[PDB]
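S.K.: Quick one, query_38.tsv (TSV, C-alpha atoms and all ligand atoms):
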```tsv
chain	number	residue	atom	x	y	z
G	588	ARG	CA	-141.35	20.61	-65.18
G	589	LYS	CA	-144.89	19.23	-65.30
G	590	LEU	CA	-145.56	20.74	-68.72
G	591	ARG	CA	-142.34	19.33	-70.12
G	592	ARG	CA	-143.16	15.81	-68.93
G	593	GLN	CA	-146.50	15.95	-70.73
G	594	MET	CA	-144.94	17.79	-73.72
G	595	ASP	CA	-147.74	20.33	-74.07
G	596	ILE	CA	-146.29	23.82	-74.48
G	597	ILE	CA	-142.64	22.87	-73.97
G	598	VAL	CA	-140.71	20.44	-76.12
G	599	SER	CA	-138.72	17.86	-74.14
G	600	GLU	CA	-135.62	19.59	-75.52
G	601	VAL	CA	-136.02	22.79	-73.46
G	602	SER	CA	-133.93	22.63	-70.29
G	603	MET	CA	-134.84	24.54	-67.13
G	604	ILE	CA	-132.56	25.29	-64.21
G	605	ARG	CA	-133.46	26.62	-60.76
G	606	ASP	CA	-130.34	27.95	-59.08
G	607	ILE	CA	-131.37	28.62	-55.49
G	608	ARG	CA	-128.44	30.48	-53.97
G	609	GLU	CA	-128.27	33.16	-56.66
G	610	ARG	CA	-132.08	33.17	-57.05
G	611	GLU	CA	-131.99	32.88	-60.87
G	612	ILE	CA	-134.11	30.56	-62.99
G	613	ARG	CA	-132.90	29.72	-66.48
G	614	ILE	CA	-134.78	28.27	-69.43
G	615	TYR	CA	-132.64	27.39	-72.43
G	616	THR	CA	-134.34	26.64	-75.72
G	617	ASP	CA	-131.02	27.15	-77.50
G	618	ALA	CA	-129.59	24.70	-80.02
G	619	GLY	CA	-126.37	22.80	-79.47
G	620	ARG	CA	-126.86	21.74	-75.85
G	621	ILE	CA	-126.19	18.07	-75.18
G	622	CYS	CA	-128.66	16.00	-73.18
G	623	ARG	CA	-129.06	12.34	-72.25
G	624	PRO	CA	-132.18	10.60	-70.95
G	625	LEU	CA	-132.74	9.58	-67.37
G	626	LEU	CA	-135.46	7.81	-65.48
G	627	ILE	CA	-137.52	10.01	-63.15
G	628	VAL	CA	-137.89	9.28	-59.43
G	629	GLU	CA	-140.92	10.54	-57.52
G	630	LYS	CA	-140.63	10.06	-53.74
G	631	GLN	CA	-138.45	6.93	-53.49
G	632	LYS	CA	-140.04	5.03	-56.38
G	633	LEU	CA	-139.19	5.04	-60.07
G	634	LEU	CA	-141.94	6.22	-62.39
G	635	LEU	CA	-141.03	3.26	-64.61
G	636	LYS	CA	-143.42	0.54	-63.55
G	637	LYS	CA	-143.80	-3.02	-64.76
G	638	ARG	CA	-146.72	-2.22	-67.06
G	639	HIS	CA	-144.44	0.04	-69.07
G	640	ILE	CA	-141.89	-2.72	-69.57
G	641	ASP	CA	-144.45	-5.31	-70.62
G	642	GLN	CA	-145.62	-2.99	-73.38
G	643	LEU	CA	-142.08	-2.32	-74.59
G	644	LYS	CA	-141.21	-6.02	-74.45
G	645	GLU	CA	-143.93	-6.59	-77.07
G	646	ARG	CA	-142.96	-3.33	-78.85
G	647	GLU	CA	-143.26	-4.99	-82.25
G	648	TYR	CA	-146.77	-4.46	-83.67
G	649	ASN	CA	-147.84	-2.37	-80.66
G	650	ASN	CA	-146.87	0.91	-82.33
G	651	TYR	CA	-145.66	1.64	-78.78
G	652	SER	CA	-142.11	2.89	-78.47
G	653	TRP	CA	-139.70	5.36	-76.91
G	654	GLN	CA	-141.77	8.42	-77.78
G	655	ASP	CA	-144.74	6.88	-76.00
G	656	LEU	CA	-142.40	6.26	-73.08
G	657	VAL	CA	-141.18	9.86	-72.99
G	658	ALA	CA	-144.74	11.16	-73.35
G	659	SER	CA	-145.77	9.38	-70.14
G	660	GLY	CA	-143.32	11.36	-68.04
G	661	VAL	CA	-141.25	8.32	-67.15
G	662	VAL	CA	-138.02	9.36	-68.87
G	663	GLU	CA	-136.62	12.85	-69.15
G	664	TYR	CA	-133.80	14.42	-71.12
G	665	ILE	CA	-131.37	16.23	-68.84
G	666	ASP	CA	-128.51	18.26	-70.27
G	667	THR	CA	-125.33	19.11	-68.35
G	668	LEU	CA	-125.92	22.38	-66.56
G	669	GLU	CA	-129.22	20.95	-65.35
G	670	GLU	CA	-127.28	18.00	-63.91
G	671	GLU	CA	-126.00	20.41	-61.29
G	672	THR	CA	-129.44	20.59	-59.63
G	673	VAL	CA	-130.18	16.85	-59.82
G	674	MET	CA	-129.49	13.88	-57.55
G	675	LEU	CA	-128.83	10.74	-59.55
G	676	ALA	CA	-129.03	7.16	-58.35
G	677	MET	CA	-126.76	4.69	-60.11
G	678	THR	CA	-129.29	1.89	-59.97
G	679	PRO	CA	-132.68	1.33	-58.29
G	680	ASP	CA	-130.64	-0.30	-55.54
G	681	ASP	CA	-129.65	3.07	-54.08
G	682	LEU	CA	-133.33	3.98	-53.71
G	683	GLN	CA	-134.08	1.26	-51.17
G	684	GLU	CA	-133.54	1.97	-47.49
G	685	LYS	CA	-129.94	1.25	-46.49
H	9	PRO	CA	-118.45	50.49	-35.69
H	10	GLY	CA	-120.71	49.75	-38.63
H	11	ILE	CA	-120.04	49.15	-42.31
H	12	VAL	CA	-121.74	52.54	-43.08
H	13	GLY	CA	-123.31	53.08	-46.54
H	14	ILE	CA	-124.33	55.55	-49.21
H	15	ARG	CA	-126.64	58.57	-49.00
H	16	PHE	CA	-128.42	60.20	-51.95
H	17	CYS	CA	-129.47	63.79	-52.58
H	18	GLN	CA	-133.18	64.54	-52.58
H	19	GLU	CA	-133.26	66.77	-55.68
H	20	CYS	CA	-131.04	65.44	-58.48
H	21	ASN	CA	-130.75	62.07	-56.68
H	22	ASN	CA	-126.97	62.01	-56.90
H	23	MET	CA	-124.36	60.73	-54.49
H	24	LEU	CA	-123.89	63.03	-51.54
H	25	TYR	CA	-120.30	63.55	-50.50
H	26	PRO	CA	-118.99	64.11	-46.98
H	27	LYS	CA	-117.42	67.49	-46.28
H	28	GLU	CA	-116.40	69.51	-43.25
H	29	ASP	CA	-118.11	72.63	-41.96
H	30	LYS	CA	-115.22	74.85	-40.94
H	31	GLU	CA	-117.30	77.30	-38.92
H	32	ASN	CA	-119.31	74.90	-36.76
H	33	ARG	CA	-117.02	71.84	-37.04
H	34	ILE	CA	-119.94	69.65	-38.13
H	35	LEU	CA	-119.73	66.94	-40.78
H	36	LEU	CA	-121.91	67.67	-43.80
H	37	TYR	CA	-122.99	65.87	-46.94
H	38	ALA	CA	-123.30	67.87	-50.13
H	39	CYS	CA	-124.22	66.95	-53.66
H	40	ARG	CA	-121.72	68.44	-56.05
H	41	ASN	CA	-124.30	69.26	-58.73
H	42	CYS	CA	-126.51	71.47	-56.49
H	43	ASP	CA	-126.34	73.41	-53.22
H	44	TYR	CA	-128.20	70.75	-51.23
H	45	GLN	CA	-126.59	70.04	-47.86
H	46	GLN	CA	-127.51	67.76	-44.99
H	47	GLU	CA	-126.04	67.22	-41.55
H	48	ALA	CA	-124.23	63.96	-40.84
H	49	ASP	CA	-125.98	61.91	-38.17
H	50	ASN	CA	-123.63	58.91	-38.26
H	51	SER	CA	-120.30	60.84	-37.93
H	52	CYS	CA	-118.37	57.90	-39.44
H	53	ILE	CA	-117.38	58.07	-43.09
H	54	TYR	CA	-115.08	55.41	-44.55
H	55	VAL	CA	-114.84	52.05	-42.78
H	56	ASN	CA	-112.88	49.08	-44.06
H	57	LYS	CA	-112.78	45.59	-42.56
H	58	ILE	CA	-109.42	44.02	-43.36
H	59	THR	CA	-109.68	41.10	-40.94
H	60	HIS	CA	-113.16	40.81	-42.45
H	61	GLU	CA	-114.62	38.32	-40.04
H	62	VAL	CA	-117.84	37.84	-41.94
H	63	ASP	CA	-121.22	36.67	-40.72
H	64	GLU	CA	-122.52	34.17	-43.26
H	65	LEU	CA	-125.89	33.88	-41.51
H	66	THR	CA	-126.70	37.17	-43.22
H	67	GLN	CA	-125.95	35.92	-46.73
H	68	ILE	CA	-127.63	32.52	-46.43
H	69	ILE	CA	-131.02	32.30	-48.12
H	70	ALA	CA	-133.84	30.39	-46.47
H	71	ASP	CA	-134.89	28.96	-49.84
H	72	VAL	CA	-131.79	26.72	-49.75
H	73	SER	CA	-133.91	24.21	-47.81
H	74	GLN	CA	-135.52	23.01	-51.06
H	75	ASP	CA	-132.38	21.70	-52.75
H	76	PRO	CA	-132.29	17.89	-53.11
H	77	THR	CA	-128.51	17.92	-53.46
H	78	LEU	CA	-127.75	19.10	-49.98
H	79	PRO	CA	-127.43	16.66	-47.07
H	80	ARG	CA	-129.66	16.74	-44.04
H	81	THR	CA	-129.61	15.32	-40.54
H	82	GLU	CA	-132.27	14.76	-37.93
H	83	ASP	CA	-129.53	14.97	-35.30
H	84	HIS	CA	-129.77	18.75	-34.90
H	85	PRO	CA	-133.32	19.95	-34.19
H	86	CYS	CA	-134.47	23.43	-35.09
H	87	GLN	CA	-133.80	26.00	-32.41
H	88	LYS	CA	-137.03	27.95	-32.96
H	89	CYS	CA	-139.84	25.52	-33.73
H	90	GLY	CA	-138.05	22.31	-32.77
H	91	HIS	CA	-138.11	20.68	-36.20
H	92	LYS	CA	-135.86	17.68	-36.68
H	93	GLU	CA	-134.81	18.13	-40.31
H	94	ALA	CA	-131.92	20.50	-40.92
H	95	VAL	CA	-130.12	20.85	-44.24
H	96	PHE	CA	-126.50	21.79	-43.63
H	97	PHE	CA	-123.78	23.05	-45.94
H	98	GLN	CA	-120.41	24.76	-45.81
H	99	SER	CA	-119.44	28.35	-46.63
H	100	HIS	CA	-119.91	28.02	-50.40
H	101	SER	CA	-117.97	31.29	-50.46
H	102	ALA	CA	-114.70	32.15	-52.12
H	103	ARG	CA	-112.29	34.16	-49.96
H	104	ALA	CA	-113.81	32.61	-46.83
H	105	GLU	CA	-110.36	32.42	-45.18
H	106	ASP	CA	-110.38	28.90	-43.67
H	107	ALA	CA	-113.85	27.68	-42.71
H	108	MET	CA	-115.22	24.16	-42.84
H	109	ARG	CA	-117.94	25.23	-40.39
H	110	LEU	CA	-121.36	23.89	-41.28
H	111	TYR	CA	-124.29	26.29	-41.47
H	112	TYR	CA	-127.72	24.88	-40.76
H	113	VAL	CA	-131.00	25.77	-42.44
H	114	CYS	CA	-134.25	24.47	-41.01
H	115	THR	CA	-136.50	22.51	-43.35
H	116	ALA	CA	-140.33	22.43	-43.12
H	117	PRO	CA	-142.20	25.27	-44.82
H	118	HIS	CA	-141.57	28.93	-43.94
H	119	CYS	CA	-139.44	28.37	-40.81
H	120	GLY	CA	-136.17	29.15	-42.58
H	121	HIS	CA	-134.23	29.53	-39.33
H	122	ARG	CA	-130.48	29.55	-39.89
H	123	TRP	CA	-127.97	28.68	-37.18
H	124	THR	CA	-124.36	27.61	-36.83
H	125	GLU	CA	-122.73	25.08	-34.54
U	1	ZN	ZN	-128.14	67.06	-55.33
U	2	ZN	ZN	-137.67	25.34	-37.61
```
Re-express the file's structure as structure tokens.
Ligand SMILES: [Zn+2]
Ligand SMILES: [Zn+2]

M.R.:
Amino acid sequence: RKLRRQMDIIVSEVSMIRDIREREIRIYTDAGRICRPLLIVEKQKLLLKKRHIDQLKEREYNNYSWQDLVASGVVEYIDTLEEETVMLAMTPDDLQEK
Amino acid sequence: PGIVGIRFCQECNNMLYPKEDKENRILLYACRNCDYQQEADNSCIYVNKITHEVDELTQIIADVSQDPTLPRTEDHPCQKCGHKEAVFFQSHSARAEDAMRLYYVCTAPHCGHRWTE
């Protein structure tokens, strides 16, 4: 997962699935899978900070865009059968202590 | 009773088969592709559990404690090391008869203790 978030050896397109109960691990490089981006959450905090949003706000003439957002490990593409191992939060609201 | 199990020959490594010694009345196992014979220590052959009350604590893997998608409570402390986090889940097994019983798996590294309440 760390190499995919820096996009070194592994394109962001490769999906990787750790199924615990059956002990398998699966890595699909195959074409045709369907994946949508998600923000990443480390501990209880989003990895999207304010400094990222200020740079995107000014995106014009910064040459700073989505690919530079994905390359910082803030957003991640997650296809379906990797959504079985994930916990999603609807909004940052669910992250705060209830 | 026991759920018994296979035995293999020591030469051709095939499946030994149970057979009866008529002279000494002693259960034997014999490969059918050689003359190898061995005396039966267990004396049970075919055992079948129809009621099949099954112990899930044997199937459960201790690695399950790393899954984010499972719930956990600090209500039930670990029985061995007294750790508060326990990640509990149901059978997760088809043909479980009717069980909503929760099985508990202790978090914290390497404890892996697995109990049922
Ligand atoms: Zn044999
Ligand atoms: Zn423990």

S.K.: Find the residues around residue 621 in chain G up to 10 Å (only C-alpha atoms counted), leave out those fewer than 6 positions away in its own chain, and share them as JSON, numbers by chain.

M.R.: {"G": [600, 664, 665, 666, 667, 668]}

S.K.: Restrict the distance test to all atoms listed in the file, flag each residue of chain H within 7 Å of chain G, and return the flagged residues as a list in words.

M.R.: residues 69, 71, 72, 76 and 77 of chain H

S.K.: Grab the residues selected above and save them as a PDB file, in the frame of the given file with C-alpha atoms.

M.R.:
```pdb
ATOM      1  CA  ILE H  69    -131.020  32.300 -48.120  1.00  0.00           C
ATOM      2  CA  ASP H  71    -134.890  28.960 -49.840  1.00  0.00           C
ATOM      3  CA  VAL H  72    -131.790  26.720 -49.750  1.00  0.00           C
ATOM      4  CA  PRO H  76    -132.290  17.890 -53.110  1.00  0.00           C
ATOM      5  CA  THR H  77    -128.510  17.920 -53.460  1.00  0.00           C
TER       6      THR H  77
END
```

S.K.: Taking all atoms listed in the file and a cut-off of 8 Å, can you tell me which residues surround ligand ZN 1 (chain U), written as a CSV table (one decimal) with C-alpha atoms, keeping the file's coordinate frame?

M.R.:
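Saved as pocket_13.csv:
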```csv
chain,number,residue,atom,x,y,z
H,16,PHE,CA,-128.4,60.2,-52.0
H,17,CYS,CA,-129.5,63.8,-52.6
H,18,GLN,CA,-133.2,64.5,-52.6
H,19,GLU,CA,-133.3,66.8,-55.7
H,20,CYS,CA,-131.0,65.4,-58.5
H,21,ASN,CA,-130.8,62.1,-56.7
H,22,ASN,CA,-127.0,62.0,-56.9
H,23,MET,CA,-124.4,60.7,-54.5
H,24,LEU,CA,-123.9,63.0,-51.5
H,38,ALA,CA,-123.3,67.9,-50.1
H,39,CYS,CA,-124.2,67.0,-53.7
H,40,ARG,CA,-121.7,68.4,-56.0
H,41,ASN,CA,-124.3,69.3,-58.7
H,42,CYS,CA,-126.5,71.5,-56.5
H,43,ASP,CA,-126.3,73.4,-53.2
H,44,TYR,CA,-128.2,70.8,-51.2
```

S.K.: To one decimal in Å, tell me the separation between CA of residue 75 in chain H and CA of residue 589 in chain G.

M.R.: 17.9 Å

S.K.: Would you name the residues within 8 Å of ligand ZN 2 (chain U), counting all atoms listed in the file, and put them as a count of residues only?

M.R.: 14

S.K.: Record the distance separating CA of residue 55 in chain H and CA of residue 33 in chain H, expressed in Å with one decimal.

M.R.: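 Computing it gives 20.7 Å between the two atoms.
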
S.K.: Calculated over only C-alpha atoms, which of the candidates G:625, G:657, G:634, G:676 has the smallest distance to residue 598 in chain G?

M.R.: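 Ranked by minimum distance to residue 598 in chain G, first place goes to G:657.
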
S.K.: Using only C-alpha atoms, which of H:64, H:37, H:83, H:48 sits nearest residue 102 in chain H?

M.R.: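 Of H:64, H:37, H:83, H:48, the one nearest residue 102 in chain H is H:64, counting only C-alpha atoms.
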
S.K.: Tell me which of H:82, H:74, H:12, H:25 sits closest to residue 54 in chain H, counting all atoms listed in the file.

M.R.: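 Among the listed residues, H:12 lies closest to residue 54 in chain H.
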
S.K.: As a count of residues only, please: the residues near residue 662 in chain G (cut-off 12 Å, all atoms listed in the file, same-chain neighbours under 5 positions excluded).

M.R.: 22

S.K.: Centre and edge lengths of an axis-aligned box around all listed atoms of range 48-53 of chain H, with 6 Å added on each side, are to be given in Å to one decimal, as lines of an AutoDock Vina configuration file.

M.R.:
```
center_x = -121.7
center_y = 60.9
center_z = -40.5
size_x = 20.6
size_y = 18.1
size_z = 17.2
```

S.K.: Please measure the separation of CA of residue 100 in chain H and CA of residue 112 in chain H, giving the value in Å to one decimal.

M.R.: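 About the pair CA of residue 100 in chain H and CA of residue 112 in chain H: they are 12.8 Å apart.
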
S.K.: Identify the residues within 12 Å of coordinate (-115.3, 41.2, -44.5) (same frame as the file), considering all atoms listed in the file, and give the answer as number ranges by chain.

M.R.: H: 10-11, 55-64, 101-105
